[PDB]
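# Structure at a glance
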Amino acid sequence: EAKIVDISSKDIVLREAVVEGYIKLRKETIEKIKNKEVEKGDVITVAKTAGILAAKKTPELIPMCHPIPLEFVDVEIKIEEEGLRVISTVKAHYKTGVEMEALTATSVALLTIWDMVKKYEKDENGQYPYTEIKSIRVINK
Amino acid sequence: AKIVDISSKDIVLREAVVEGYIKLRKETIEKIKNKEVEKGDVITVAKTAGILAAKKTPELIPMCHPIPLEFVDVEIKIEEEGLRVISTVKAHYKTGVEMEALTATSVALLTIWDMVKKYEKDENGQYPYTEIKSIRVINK
Amino acid sequence: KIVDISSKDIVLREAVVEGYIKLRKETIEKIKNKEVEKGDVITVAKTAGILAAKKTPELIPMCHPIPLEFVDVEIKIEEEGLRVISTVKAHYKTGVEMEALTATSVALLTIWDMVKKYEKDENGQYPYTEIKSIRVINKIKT
Amino acid sequence: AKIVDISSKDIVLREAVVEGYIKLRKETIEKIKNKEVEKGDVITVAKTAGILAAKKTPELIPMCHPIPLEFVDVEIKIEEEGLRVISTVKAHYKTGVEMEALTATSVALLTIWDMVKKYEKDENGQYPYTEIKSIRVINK
Amino acid sequence: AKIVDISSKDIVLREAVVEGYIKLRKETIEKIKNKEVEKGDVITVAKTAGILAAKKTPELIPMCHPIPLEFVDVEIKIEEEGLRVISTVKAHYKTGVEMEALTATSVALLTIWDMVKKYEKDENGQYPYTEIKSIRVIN
Amino acid sequence: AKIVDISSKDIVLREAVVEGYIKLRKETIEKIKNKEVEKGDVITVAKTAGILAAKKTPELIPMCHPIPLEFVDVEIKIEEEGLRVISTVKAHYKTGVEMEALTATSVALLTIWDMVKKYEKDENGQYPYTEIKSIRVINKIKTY
């Protein structure tokens, strides 16, 4: 069973969604990011860029998603003491909401953050005891 | 910004298991198991999205190396208040595959959300109970 | 080149394409009992076909990107093979036959990929497996 | 739903040849030969699309492995009642390449269809004669 | 990092024409004119790649908006010292298409380079002659 | 017509360095250095795009083989009248990496342009000054 629902009938209205996500990182890792000492690059900016691209890639990643003419995409990342918080904002005038884009942007930005600081988060067994992406959800539609 | 040189590294067994969880309403869950979801077979569609995602990891994550995957499995099991996704990836390369397992899980969870969007939204078009709880690398 | 649709009107575009893949009876039997190793053939194939519809412009050089409003891939099991019928809809300046054809083709390819080991003969060849005839069976007139 | 483990498979020469056919009106084949098709060089464009599609196979087919393709060729011949496409793909890896050759051919045929849509449609905008027939993996 | 809001902008006929050029050895030009390059029909393959590239712009340029293109054309002219590429894109949207026309031209130039790689390399495996130059929006 | 067979080729170290340049107006360059560009951090965004681009080469260039890249780095330096992009790609495979390096550089430059469009345009919406000047392979390992 599979299908992309018919939205021909629905009306073209302003669509907005704000999604929030959090990735738990080690205190030393946060310091490295803050002082921009991560060899792979500027963590925050790289993740934002990855998050913005992801928003546009949503339909090819999510099967039943409609291709949508996005009008605005913003990914904000705030550094906290226990990790990083990602907030993505998406908007367009279409006949089907944009939460999936906002949710995809956030998810990828969080993944990208993880990829950027892998060597600092892994322990002597090459594992992640502390690293964890927790609570990705929709703030408001 | 850069993809670090792995030239001087040995080709070894690379394996990774990731687990993720999405909180859903009980009514939504019941419909998922009774396969009464309008958009289709939720768990299978999500496994597929997750497996495809494992392969798209390098185009989604900037500093990730394009790698030769040998095995990819995404398992999803229904629980009383949500679905649990477990992704497993394996390869023989000079750089691990946890990003692939992490991406496969995130997209599978994203797909589960998409497939039940209308059953989870309240009368304000808001999602007060839905959320992707905890994606983490179980073992590498 | 990608033909200019600038001065074309925004209208309802819909197309239905059907295709067929010849499979062994034992394969057909595996698909029904949900005993195919790589997974649920029908659903995986439908999912791939739906995604392929959106991928059309990326695969076919002169195709325009299109705001698809509806995409459905139906897969019916027959004793000698699987039948795929894809339906695409959109209100735009250019029809959607190509999207329906691509969706169906990729669905058929996916079914094949899923049951490859049951279709192969002792020499590793495919003397019975065959994608027979993809066709546009109908589409709104423009 | 999963990408089967090929970790312990042998690394050996993998080759696949696929043949496909698209039935077209003669007035169409006429324009193809004369290269009077508005959208462009039908044959070369379809071949290019086919080569590209060979590489996009794993992105399109869920359970396919990303493989290091070493050779891809799409041959298209003009016949009186249609065009025949033959795609060949080679590699030295631990899993076959029939899917790559099947996809290259499938997309090469679709591109041909796209290029001559205008000429194949009948008075009611239907495609009563156009058809993609028999895509198969060839022996030897 | 952000895709600027364009919801309040006017929908209008958007067009963009980009010109680009690649210097090649005269011996390479000859092989293209005669259709004697191993990899294939340089002009048609580069044009096909450029057209596809126009559609991929939003996927390659981070802050680019996904735009419903209505027309894409890639002209490639053979000159005595190289090949000139001219791409034209058109749409009716809330934001221009210069980036689509620019991307089409660049990828077509890159494809040309790829097609004739072996013919351009000198004895040290270098490309002292080959060069993509002056990609710009004209008019 | 096709992607030539590289089977008989040897698996060796492949590396290329490409240099590219985009001409920008002085006021645009000032905003870049002051981080006053509305779209974001021009340098990092362009670098990230160039690196991703390196990986998409086979998808963009028809006769390119898919390659297991081992190193991709994009350098971007601000100059008086424009930005200089230098991409370095490396692999150990049967096909060099000049195309990956050229593509990374090209996309990085396109990204710079996209980022400062608003500052380059004139009152007509044209770009009389903006120009991607000269993308080229400045060096690459010799292969036999």
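Residues numbered from 1 in each chain as written, not as in the entry; some residues may be left out. Chains lettered and ligands numbered in written order. Heavy atoms only, no water. Residues with missing side-chain atoms left out of burial classes, pairs and counts.

The next point concerns the pattern of salt bridges. Enumeration according to the criterion identifies 82 salt bridges over all chains in this entry. Residue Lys133(F) pairs with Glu131(F) through a salt bridge whose shortest N-O separation is 3.7 Å. Classification of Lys133(F) by relative accessible area gives partly exposed; the value is 38%. Given the relative accessible area of 16%, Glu131(F) is considered buried. Among the ionic contacts, a cluster of salt bridges with common partners joins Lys57(A), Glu60(A), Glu59(B), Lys55(C), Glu58(C), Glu59(D), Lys56(E), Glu59(E), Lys56(F) and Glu59(F). (Salt bridge = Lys/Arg side-chain N within 4 Å of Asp/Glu carboxyl O. Buried < 20%, exposed > 50% of the residue type's maximum accessible area, 1.4 Å probe, protein only.)

Glancing now at the UniProt feature "binding site: substrate" in chain C. Summarizing the sequence annotation, UniProt attributes the feature "binding site: substrate" to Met62(C), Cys63(C), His64(C), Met98(C) and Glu99(C) in the numbering used throughout. Across 38 residues, the annotated set stays spatially compact, with a maximum C-alpha separation of 12.4 Å. Its place among the elements puts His64(C) in the loop between α2 (41-59) and β2 (70-78). Judged by its relative accessible area of 5%, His64(C) is buried. With near-sequence residues (within four places) excluded, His64(C) lies in contact with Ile2(C), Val3(C), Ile5(C), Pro57(C), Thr94(C), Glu99(C), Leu69(E) and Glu70(E). Separated by 2.8 Å, the side chain of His64(C) and the backbone oxygen of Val3(C) make a polar contact. For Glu99(C), the position within the fold is in helix α3 (residues 97-114). Excluding anything up to four places from it in sequence, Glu99(C) contacts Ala53(C), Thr56(C), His64(C), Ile66(C), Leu68(C) and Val88(C). (UniProt positions renumbered as here; feature names shortened; annotations may be inferred. Helix = DSSP H or I, 4+ residues; strand = E, 2+ residues; numbered from the N terminus. Contact = heavy atoms within 4.5 Å. Polar contact = N/O pair within 3.5 Å; in protein donor to acceptor, adjacent residues only side chain to side chain.)

What follows is about empty space enclosed by the protein. Its boundaries defined by the atoms lining it, the largest cavity holds a volume of some 110 Å³. Taken together, 13 residues form the lining of the largest cavity, with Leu53(A), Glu59(B), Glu59(E), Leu52(F) and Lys56(F) sitting closest to its centre. Looking at the lining of the largest cavity, the elements with two or more residues in it are α2 (43-61) of chain A, α2 (42-60) of chain B, α2 (42-60) of chain E together with α2 (42-60) of chain F. Of the residues in the lining of the largest cavity, the class split is nine nonpolar, no polar and four charged. Considered as a void within the structure, the second largest cavity measures approximately 50 Å³ in volume. As for the second largest cavity, its lining consists of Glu60(A), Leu52(B), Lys56(B), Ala48(C), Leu51(C), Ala52(C), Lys55(C), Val106(C), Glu59(D) and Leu60(D). Of all the elements in the fold, those that place two or more residues in the lining of the second largest cavity are α2 of chain B, α2 of chain C together with α2 (42-60) of chain D. Top element by residues in the lining of the second largest cavity is α2(C). It accounts for four residues. Of the residues assigned to the lining of the second largest cavity, the class counts are six nonpolar, no polar and four charged. (1 Å grid on protein atoms, 1.4 Å probe; cavity = no way out; pocket = protein on both sides within 12 Å on 5 of 7 lines; lining within 4 Å. Points joined across faces, edges and corners; volume = space filled by probe spheres on them. Nonpolar A, V, L, I, M, F, W, Y, C, P; charged D, E, K, R; others polar.)

With that settled, the discussion passes to the UniProt feature "binding site: substrate" in chain A. UniProt tags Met64(A), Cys65(A), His66(A), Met100(A) and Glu101(A) as "binding site: substrate". On the secondary structure map, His66(A) appears in the loop between α2 and β3 (72-79). Classification of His66(A) as buried rests on a relative accessible area of 8%. What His66(A) contacts, discounting residues up to four positions off in sequence, is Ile4(A), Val5(A), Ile7(A), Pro59(A), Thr96(A), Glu101(A), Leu68(C) and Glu69(C). There is a polar contact of 2.7 Å between the side chain of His66(A) and the backbone oxygen of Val5(A). In this fold, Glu101(A) is placed in helix α3 (residues 99-116). Once residues lying within four places of it in the same chain are set aside, the contact partners of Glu101(A) are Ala55(A), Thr58(A), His66(A), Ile68(A), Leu70(A) and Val90(A).

Attention now moves to the UniProt feature "active site" in chain C. The positions UniProt marks with the feature "active site" are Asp113(C). Secondary-structure assignment places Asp113(C) in helix α3. Since its relative accessible area comes to 1%, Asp113(C) is described here as buried. Setting aside residues no more than four positions away along its own chain, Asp113(C) makes contact with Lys38(C), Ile61(D), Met63(D), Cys64(D) and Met99(D).

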